[PDB]
Amino acid sequence: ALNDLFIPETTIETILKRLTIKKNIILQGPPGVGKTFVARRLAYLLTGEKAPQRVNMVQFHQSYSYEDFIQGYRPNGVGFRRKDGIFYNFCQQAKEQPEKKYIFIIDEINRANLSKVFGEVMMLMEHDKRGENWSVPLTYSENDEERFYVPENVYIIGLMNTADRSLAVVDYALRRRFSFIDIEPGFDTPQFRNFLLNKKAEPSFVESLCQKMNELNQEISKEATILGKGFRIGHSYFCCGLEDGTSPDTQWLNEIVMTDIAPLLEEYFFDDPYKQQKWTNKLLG
Amino acid sequence: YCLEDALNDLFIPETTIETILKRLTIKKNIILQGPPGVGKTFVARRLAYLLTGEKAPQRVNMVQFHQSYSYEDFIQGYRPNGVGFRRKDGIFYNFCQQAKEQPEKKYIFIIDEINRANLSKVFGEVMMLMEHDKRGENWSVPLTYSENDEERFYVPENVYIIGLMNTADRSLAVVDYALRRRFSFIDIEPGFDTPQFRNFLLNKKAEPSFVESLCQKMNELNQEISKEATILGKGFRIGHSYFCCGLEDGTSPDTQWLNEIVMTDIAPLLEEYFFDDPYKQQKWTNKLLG
Amino acid sequence: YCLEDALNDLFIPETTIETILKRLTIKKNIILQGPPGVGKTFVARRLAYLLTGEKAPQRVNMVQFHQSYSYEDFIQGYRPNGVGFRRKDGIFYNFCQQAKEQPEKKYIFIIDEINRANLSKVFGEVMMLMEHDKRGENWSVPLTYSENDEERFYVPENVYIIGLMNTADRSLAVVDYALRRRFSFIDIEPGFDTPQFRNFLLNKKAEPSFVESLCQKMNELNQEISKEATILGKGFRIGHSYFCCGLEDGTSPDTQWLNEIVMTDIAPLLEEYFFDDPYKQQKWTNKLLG
Amino acid sequence: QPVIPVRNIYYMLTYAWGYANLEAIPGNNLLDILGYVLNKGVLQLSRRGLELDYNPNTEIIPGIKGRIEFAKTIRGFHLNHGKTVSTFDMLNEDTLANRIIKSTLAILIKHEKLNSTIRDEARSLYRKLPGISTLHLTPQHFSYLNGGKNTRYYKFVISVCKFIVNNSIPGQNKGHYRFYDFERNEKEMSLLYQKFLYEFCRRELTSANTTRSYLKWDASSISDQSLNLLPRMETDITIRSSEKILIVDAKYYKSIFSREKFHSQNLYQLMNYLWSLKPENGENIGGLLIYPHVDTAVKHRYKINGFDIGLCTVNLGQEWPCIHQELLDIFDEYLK
Amino acid sequence: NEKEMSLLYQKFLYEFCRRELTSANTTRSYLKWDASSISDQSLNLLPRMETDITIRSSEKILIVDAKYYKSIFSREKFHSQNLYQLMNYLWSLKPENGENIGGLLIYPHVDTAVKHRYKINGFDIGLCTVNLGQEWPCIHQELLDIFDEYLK
Ligand SMILES: Nc1nc2c(ncn2[C@@H]2O[C@H](COP(=O)(O)OP(=O)(O)NP(=O)(O)O)[C@@H](O)[C@H]2O)c(=O)[nH]1
Ligand SMILES: Nc1nc2c(ncn2[C@@H]2O[C@H](COP(=O)(O)OP(=O)(O)NP(=O)(O)O)[C@@H](O)[C@H]2O)c(=O)[nH]1
Ligand SMILES: Nc1nc2c(ncn2[C@@H]2O[C@H](COP(=O)(O)OP(=O)(O)O)[C@@H](O)[C@H]2O)c(=O)[nH]1
Ligand SMILES: [Mg+2]
Ligand SMILES: [Mg+2]
C-alpha cells in the first residue's frame, strides 16, 4: 500500500515513529490532501498487511454520542436492549489478536465534542493508561466486575480540517493526548509529478501546473494572521478525474479550476472579487 | 419536460441556470443561496423536472427543514404505537429506496430552509455517504438503529440533493461547517436589471419608462445595503417578488399599485433594517414613491 | 353583515380597512402592527365577518402566541395517552382540514401577539405553504411526524391568516426577513384626530370643547414620543383605548375623570417610558391635568 | 501639534451619543477619562441592578422543569434513565449587553498606558462578575444591539465600550493594548463634530426645529431622470424656525488651528445647498460656517450671492460651560 | 499617491490643451468672489478660487476641473465631490460678454469611457470618463473628440 503517496517519505516515516510511541495522532491540513487516504494506507503499513477487516473508520459530527460509539440502549420489539457500539466492538476484536495491530480512524474529530462521545474512556485511550491494570467499570455496565480496557495494540488516528473559518479554539481534551501532525499540501513533490509524468502530461505542463498553484498557496500563507497556512489549496482534485485515460492538458485543467477551485476561492475570498479575478487568470493565462 | 416551458417565465439568466445544471450533475449536492424573493423555491421545482425531462411527482420529493426536524424522522427512527415502539423508515431512506429501483432515471430531493436546522442532527451518519464521491454500494454503511450490522444504507448515485438557503438573517454570518464541504453554494442575484423581469411587466400593460425608473431605484437601494457589512450584508437586499405578485386580476401597474406595495412591504422592512436612522427610512420611501 | 355595520363604532379610518381587504384578498396573510390600545384585537374579530360576509363563528378561529407555543402544539405533535403516547393533530392542521371541507366559503385564522413566539419553530413546514402562490394540491408537502404511508398537507386557498403584533416591546419583533415577506404589515394609528373617535365621546354627554382639548394634548405628547428613536420610537405612542372605556355607566367625561386616568395609568407609564428626569414627567402630567 | 484638551472631548462624545465629576481624575489622556466613566458607570448600574433577561434553556435534566418536550424525550429515550428534555427559563445576567461590558473591561485592564488606580478598580469589577462569559468583540455584536431593548443608561456605557473596542491597537506586547490617538485624525474628529452639533441643537434649541434635510438637485438631464452621477447631497444640519431657515456646515481641520492661508473648502458645498434648497415659506435663507479654534473665537458675516453667510470659530479649550454659552450665542445671532 | 496623481492629472491636461488645441486659447485664471463684507474688505479668510483650466471660444468660455479619484478607477456611488467647486466658479464668474458659459468634468478611468451632458441650473455642465491604459496614440485621439463636442 506504499507505491504512490504524494506526501513526502520523511513525514510518513515520522508519523510511524510518532504513532508507535504516542498511539494517538491527529492529521491537520487543508481539504483535498487525502487525509483519509494516507491514514488508510498508513494503517496498512503499521500492520504491514493491506487488510480491511482490522481497520474501521467513522466520521464524527456534533450529534455523535457515546450511545452510538460505545454502549447504548436501543429498543427491540418489546423492551430496551443494550447495543454494542463501534469502538467497544472494535476492541473486543482487538483483544483476540494482541500481537497484531488494530487501527481506528476518526474523521472530523474536531467537529464533535470528544468528552460526551468518549465519556469515561477518554482517560484510558491515552497511551500510558492502557491495559488490564487501568480497567474501569463502564457507565451502562449492569455488573461492576465487567470492565473495559483499551489494549495497547489499538492506535487512534484522527483527521482534522484546518481550512474552516468557523474554527476558533481547539478542544483542550484533544490536545492533551493527541499529537497533532501537519500535512502540507504537497503540490510540488517528486512522486506527484512522476505520477503525472507517467500519465500523458508533458514536463512543461507540470512546471506550469506547480508554479501557478504555488504562488496561490504562497499568497495565503503570506497573509498569515488574516488567513492560516492551512487554507492553502491541496492536490487531490488533480489526482482524481483521470481514471478514464484522458490526457491531462490545459483543456482538461480548466474544468477543475472553474468547477472546484473557483467556488473554493469564492468562499475563501468573500471580500474582493477583483482579487479573485487576478488569481483565476494566472492559472490558465 | 421541455426547457421552453421552464425558462422564459424565469427571471434568472439562462447563463446562471446552465452553471446550476453543471454543478448539479457533477456534484449532486447544490445550494442556492439568495435573499427572499428571488425564486429559489420557484426554480428548484422546475430544475428537477428539467433534469428528469418529465413531470412526475414520484421522482421528486420536497421538504422544509426547521428546528424540530431530526434524524429520527428524516431517515430512520422509532415511533410509538398505542404502547409499543416500532421502527419506521424515514423520508430519505424511503426515497432512496425508490431511487435504487431505477438507477438511470435522475431523482431529486429538495430541502428548503436548510440553515434553520443543524444538518448534523438530521442527516447524521449520512453526511458521510451523502457527499458526491462517496456514493454507491461500495461505501455502504449500517445505520445507527439497524437491528443487525448486515442491513446497510447507501445514498445511490442517481439522487441529487437541492438545498434552498436564504441569507436574510444576522445569525447566518456563522455559516454551518457541514453545508460548505458537502454542498456547493450558488448565489442568486436579485435581478431587477434583467431583460426578462421587464418583459413580464411589459406584457402586463406597463409603460416602458415607468419600469426602468423602478429598476434604477431598486438597484440603487440594494446597492446602499450592499455597502454595509456590520448591520446589513449583501444578502439582506430586496428581492423581485413583491412586484411580480398581485397582477393576476388584470390590474395594471402604476404608482398606485407600487404605493401600496411600498407602504405594506418595503417601508416597514426598511423600518426594521434602518432603526438607528429614522430619517434614512424617509429618504428612501419618498424616493421610492417618486 | 357588511362594512357599514362594522365601521359604525370603529375609530380606524375606512381607508385602511379597504387597504386591509386589498392586501388580504390578494396576499391572504397580513399583520396589523400598532401600539397597544388601537383596536387591533377589536377589528380582527370583525374582519372575519366581512370576508365571509356572514356572522358564523365556526369559520373563525382565534388564538394567542405565548412564547411557549411549539410545532407539537400548532400542527403535529405527540401527546400522552393513558400509558403510551399518540400523535395528535394540532389546531391549525385541524383547521385547514375544516377549511378544505368547503372551498367556497372563506376561513379565517387569527393569531394574536404573533410577534412573541419563535415563529420559525411553530409554523415550520407551513412557512412556505402559507403564502398565496404556494397553496393548493400542487404544492403538497409531507410533514415531520407524518405516517410512513405518504400523506401530504397543503394550506388551502380559502384560508386567511391575520396577525396582531404590538410595536411597543422592541425585543419581540420579527427579524426573520424570510418570514416577514409572507406577511403584509398594516400600521394602525392611535386614532385621536379622527371625528369617529370624537363622535363616540360627544354622544356620551360630553362637551365638544373638552373633546377637542383632549386630542390636542395627546397628539402633542405622541410627537414627543415619536420624535425620539433611541428608546421611545414611533411605535410606542399612546393608544386611545384608555379613554374609550369606563364611561358605559353614564360617567360624563370631565377633567375629574381625566384626572383619574392620568394619575393612575398614564403617569406610571410615562415615568417608566422616560426614566431619565422627573421634570419631563411632571411637565406632561401637568399638561394633561392643566 | 495642538489639539483640544482631552477632557472637553468627552462632552462632545456625550452629545454625539445622545446620552459627572472629572475634576478628581489626574490622568489627562482620554482613556483615563473614559475608563473612569465606564468603571464608575458599571458601579452605578449594579446599585439599581443589571439587566436580567430570561433565556430559555432546552436541556436534559432528571425531572420535570417547566415544559417537557415530548418528542426529544421519546426520540432519545431519556425517560428510561429518569431524564426528560424540558424547556425552562433561566434568569441570568449573561445577556449580550452585559457580556460586552465585561469583555471591554478586560481591554481596559490590558491597556499598557492607563492609571494604576483605574486598573485596580476595573480588575476588581471583572472579578465581581463571575457568571458572565468573556467574549471576543467585533462590531457585528454591537450591530445586533441597535434594537435598544436596554435602558437609556445601558446604552451609554455600551457606546463607551463601542468606542474603546474600535480605538484599541496592540502596543509593546502581543497581549496588551494601546490607545488610538483619536484627536490627531481629522475625519473622526470631524464626524464627531458634525454629529455633536446635530444632537446638540435638538436638545438646546427647543425654540427652533432641527432636522437634517436631504436635498435634490434642481437639475434635469436629457439622458437620465436618475442623476446618479451627480453628488449625493445631504445637509450637515438645518435649523428651521418660522422667522428664518439656516443650514450649517461644520468641519474639523488642522490647518485652521494655525492662526496665513485659510482652509474654507467646505464653503463650496454650502452655496449649492442654499441654491438647490427652495423654501415654500419664503421667510429667508442663511448659512453658517463654524469651525473649532483653540485660542479665541472670531465671527464674520457675508452677503455673497444674495445669501447671508457666517464664518465663525469657537475657542475649544476655554471651558465647557462657557462653551455652551458661546455655541448658543452664535446661533442666536445668525438664526435671528 | 492620489494627491500627486490628481495634481499631476491637472497639469497633464493643462499643457495637453495648449499643444493640441492650437485654435483655442487656454488659460488658468484667478477668480474673485462676489462677496462684500463690512468686517474684511480683502476677503482674505475666504478661499482662493483659481480655475484649473479655462479655454475660451467666441461662442462660449469653457471651464474644466479634473482630478484623480480612487473610487472611479474601480467599477455604484459616484465620487464627484468636485462638482461643488465648479458651480461656484461659474456662479462667481459673470463674463462681460454674457453670451454663454461652458462647463465640463473629465475623470480618468481604466476600463471604459463614458460621456454625459447636464443642464443643472441653466448652465452647461458635462461629465465624462475616459479609459486609460488603452494606448497613448488613440487615447490622445479620443481626448480630442471630447473637447470638440462640449466646446460647441
Ligand atoms: N413568474 C415568476 N415568478 C417568480 C420569479 N421569480 C420569483 N418568482 C415568484 O416569487 C414568489 C416567491 O418565490 P420564492 O422562491 O418562494 O422566494 P423564496 O426565496 O423561496 N422565499 P424565501 O427565501 O423567503 O423562502 C413566487 O410567486 C415565485 O414564482 C420569476 O422569475 N417569474
Ligand atoms: N368601542 C370601541 N372600542 C375600541 C375601539 N377601538 C379600540 N377600542 C377598545 O380599546 C380596547 C383595546 O383594544 P385592543 O384591540 O385590544 O388593542 P390591542 O392592541 O389589541 N391591545 P394589546 O396591544 O395590548 O394587545 C378594547 O376595549 C377595544 O374595544 C373602537 O373603535 N370602539
Ligand atoms: N491515488 C491517489 N489518490 C490520492 C492521493 N492523495 C489524495 N488522493 C485522493 O483524493 C481523494 C480525496 O481524499 P480525501 O482527503 O479523503 O477527501 P476529503 O474528505 O474531501 O478530505 C481520495 O480519492 C484520495 O484517495 C494520492 O496520493 N494518490
Ligand atoms: Mg422558499
Ligand atoms: Mg390583542
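Chains as they are written, first to last, in full-length UniProt numbering: chain B, 173 to 457; chain A, 168 to 457; chain Z, 168 to 457; chain G, 3 to 21, 28 to 267, 272 to 348; chain W, 193 to 267, 272 to 348.
Beta carbons: idealized from backbone N, C-alpha and C, even for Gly.
Residue i CB to nearest heavy atom of ligand 6 below 7 Å
{"i": "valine 289(B)", "result": "With respect to ligand 6, the structure offers nothing, as its ligand set consists of ligand 1, ligand 2, ligand 3, ligand 4 and ligand 5."}
Any chain G beta carbon closer than 8 Å to residue i
{"i": "residue 461(A)", "result": "Not covered by the structure: residue 461(A). The range shown for chain A is 168 to 457."}
{"i": "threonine 397(Z)", "result": "yes"}
{"i": "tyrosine 245(B)", "result": "yes"}
{"i": "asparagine 284(W)", "result": "yes"}
{"i": "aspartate 443(Z)", "result": "yes"}
{"i": "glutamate 391(A)", "result": "no"}
Contacts that residue i makes with chain A (C-beta to C-beta distance below 7 Å)
{"i": "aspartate 336(B)", "result": "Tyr344"}
{"i": "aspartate 240(B)", "result": "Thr311"}
Partner residues on chain G for residue i, Cβ-Cβ distance less than 8 Å
{"i": "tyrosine 440(A)", "result": "Under the 8 Å cutoff, chain G gives no residues; its nearest Cβ is about 10 Å from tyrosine 440(A)."}
Contacts of residue i in chain Z (Cβ-Cβ under 7 Å)
{"i": "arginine 75(G)", "result": "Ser235"}
{"i": "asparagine 333(A)", "result": "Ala345"}
Beta-carbon neighbours of residue i, restricted to chain G and to distances below 9 Å
{"i": "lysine 450(A)", "result": "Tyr222 and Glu242"}
{"i": "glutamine 383(A)", "result": "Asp232, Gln233, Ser234 and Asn236"}
Below-8 Å beta-carbon distance, residue i vs any chain B residue
{"i": "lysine 288(A)", "result": "yes"}
{"i": "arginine 190(A)", "result": "yes"}
{"i": "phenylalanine 96(G)", "result": "no"}
Contact with chain Z by residue i, beta-carbon distance below 8 Å
{"i": "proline 203(A)", "result": "yes"}
{"i": "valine 230(A)", "result": "yes"}
Closer than 7 Å at the beta carbon, the chain B residues around residue i
{"i": "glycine 291(A)", "result": "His233 and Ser235"}
Amino acids of chain G, ordered along the chain, whose beta-carbon sits closer than 7 Å to that of residue i
{"i": "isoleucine 342(W)", "result": "Going along chain G, no residue has its Cβ under 7 Å from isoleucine 342(W), so there is no contact; the nearest lies around 16 Å."}
{"i": "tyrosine 446(A)", "result": "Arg220"}
Contact list for residue i against chain B, beta-carbon separation under 9 Å
{"i": "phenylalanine 352(A)", "result": "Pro435, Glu438 and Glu439"}
Within-8 Å CB hit, residue i to chain A
{"i": "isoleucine 278(Z)", "result": "no"}
{"i": "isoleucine 193(Z)", "result": "yes"}
{"i": "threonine 431(B)", "result": "yes"}
{"i": "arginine 283(B)", "result": "yes"}
Within chain A, the residues that residue i reaches when beta carbons sit closer than 8 Å
{"i": "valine 308(Z)", "result": "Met229, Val230 and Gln231"}
Three or more C-beta pairs closer than 8 Å, one from the segment 177 to 190 of chain Z and one from the segment 247 to 262 of chain G: is that the case here? no
Check your understanding: Is the segment 105 to 119 of chain G touching the segment 163 to 177 of chain G, taking contact as three or more C-beta pairs under 8 Å?
Key -> yes
* **Residues surrounding ligand 4 [beta-carbon distance to nearest heavy atom under 6 Å]** => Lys207(A), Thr208(A), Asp279(A), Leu331(A) and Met295(Z)
Residues of the segment 413 to 427 of chain A in Cβ contact with chain Z at a cutoff of 7 Å, in chain order, please. Within the segment 413 to 427 of chain A, the residues whose Cβ lies closer than 7 Å to some Cβ of chain Z are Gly413 and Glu427, listed in chain order.
Contact between the segment 243 to 263 of chain Z and the segment 244 to 263 of chain A (3+ Cβ pairs under 8 Å): yes
What are the residues of the segment 247 to 266 of chain Z that lie near chain G, defined by any Cβ-Cβ distance shorter than 9 Å? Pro247 and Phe252
Practice item. Please determine if the segment 392 to 400 of chain B and the segment 374 to 382 of chain B are in contact, where contact requires at least 3 C-beta pairs separated by less than 8 Å. Key: Between the segment 392 to 400 of chain B and the segment 374 to 382 of chain B, the count of Cβ pairs shorter than 8 Å is below three; the stretches do not touch.
query: Does the count of Cβ pairs from the segment 344 to 357 of chain A and the segment 200 to 218 of chain A closer than 8 Å reach three?
result: At 8 Å Cβ cutoff, the stretches touch.
- prompt: Can you find at least 3 beta carbon pairs, one from the segment 434 to 448 of chain A and one from the segment 364 to 380 of chain A, that sit closer than 8 Å?
  reply: no
Stretch-stretch touch, CB-based, cutoff 8 Å, three pairs: the segment 296 to 310 of chain W with the segment 319 to 326 of chain W:
yes
Touching by the beta-carbon criterion (3+ pairs, under 8 Å), the segment 33 to 43 of chain G and the segment 119 to 132 of chain G: yes
How do the segment 230 to 238 of chain A and the segment 297 to 304 of chain A stand: do at least 3 beta-carbon pairs fall below 8 Å, yes or no?
no
Inset, instruction - Mind checking the segment 300 to 315 of chain W against chain G and listing, in chain order, the residues whose C-beta falls within less than 8 Å of any C-beta there? - result: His312, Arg313, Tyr314 and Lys315
Given 8 Å, three or more beta-carbon pairs between the segment 53 to 69 of chain G and the segment 82 to 94 of chain G: yes
If you pair each beta-carbon of the segment 205 to 212 of chain W with each one of the segment 284 to 296 of chain G, do three or more pairs fall below 8 Å? no
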